[PDB]
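There is one chain below, alone, in structure tokens, taken in the form deposited in one PDB entry.
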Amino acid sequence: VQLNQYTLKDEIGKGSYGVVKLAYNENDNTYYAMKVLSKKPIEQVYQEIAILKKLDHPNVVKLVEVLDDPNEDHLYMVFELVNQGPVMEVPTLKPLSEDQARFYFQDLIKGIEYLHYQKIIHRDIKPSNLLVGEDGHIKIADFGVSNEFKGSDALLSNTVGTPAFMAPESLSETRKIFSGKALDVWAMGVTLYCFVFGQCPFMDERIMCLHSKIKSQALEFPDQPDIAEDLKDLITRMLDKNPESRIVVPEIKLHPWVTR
């Protein structure tokens, strides 16, 4: 499969958007990541593109170009390849060590801080959207449902993202307004829990029951593996069901588990 100067190779990532394939650029003899989307709506795609064009940070993916032809049903986004792929698969029987989780979590902090400063709410933070680059550091990927806001926070009403990572205030069935930055914090808390336990803190195959656990089930840590008390404190604060008292990113940065 040829696409101007790009030769499409095998699939390296996959999601609701479609697929991401390895692509070989014959102009510069270099590999890129090629996200392939089918027009089946389309305007959410160009919001993702508009957001990506504004982002330039070591812990965020880098959009290189967009190949859009009105005659073809497919649309192509070329990214710089983040060669080592997702930091982990969830669930897994081999979670990260605490020192490894801290290393990656420090990257996630920096990336989220940059995004929020650039007035973007990511809305789909999870380990499979955290890609490990050449130097071993994380880049945040997949802005497919991200929001841009004006002012100091987003005031939102729509429910998007990955269900196990959705914050409880986004799960009202009355279109209540909730603020955006704390949604990303919640998902960072689910992500950090996944780092060290290998599974999500709230789980159910029945979507109704999953929503109910996110909203109403108290967080429980497994007996094994035995994690540090300050890490438990940090996760507990990020998974505060009340967004008004949930820890904020400026405080996460200072948390004693993060800084030791």
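Just count from 1 along the sequence shown to find any residue number. Take the two forms, find the largest set of C-alpha atoms that superpose within 1.5 Å, and that set is the rigid core.
Engineer: Residues with no coordinates between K40 and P41 in the deposited sequence, how many: none, 1 to 3, 4 to 9, or 10 or more?
Structural biologist: Missing residues, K40 to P41: 10 or more.
Engineer: If you average the CA temperature factors over each stretch, which comes out higher, 11 to 19 or 243 to 251?
Structural biologist: In the deposited entry, the stretch with the higher C-alpha B-factor mean is 11 to 19.
Engineer: Please work out which of 59 to 67 and 189 to 197 has the higher mean CA B-factor as recorded in the PDB entry.
Structural biologist: Higher mean C-alpha B-factor in the PDB entry: 59 to 67.
Engineer: Just the C-alpha B-factor column, please: which of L171, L93, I120, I138 has the biggest number?
Structural biologist: Highest CA B-factor of the listed options: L93.
Engineer: Would the CA B-factor of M88 place it in the lowest, middle or highest third of its chain?
Structural biologist: Highest third of the chain for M88's C-alpha B-factor.
Engineer: Quick check on the deposited entry: does the C-alpha B-factor of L75 sit in the lowest, middle or highest third of its chain?
Structural biologist: Within its chain, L75 is a highest-third residue by C-alpha B-factor, going by the deposited values.
Engineer: Thinking about Cα B factors across the chain, which third does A228 belong to?
Structural biologist: It belongs to the highest third of the chain when residues are ordered by C-alpha B-factor.
Engineer: Looking at the C-alpha B-factor of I235, is it in the lowest, middle or highest third of its chain?
Structural biologist: Ranked within chain, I235 CA B lands in the lowest tercile.
Engineer: Relative to the other modelled residues in the chain, which third contains the C-alpha temperature factor of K54: lowest, middle or highest?
Structural biologist: Highest third of the chain for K54's C-alpha B-factor.
The form deposited in another entry is left out here; the points below concern that form.
Engineer: Core aligned, does the CA of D99 move at least 2 Å between this form and the one not shown?
Structural biologist: No, because once the rigid core is superposed, the C-alpha of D99 moves less than 2 Å between this form and the one not shown.
Engineer: Can a Cα shift of no less than 2 Å be assigned to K150 between this form and the one not shown, given superposition on the rigid core?
Structural biologist: Shift at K150: below 2 Å after core fit.
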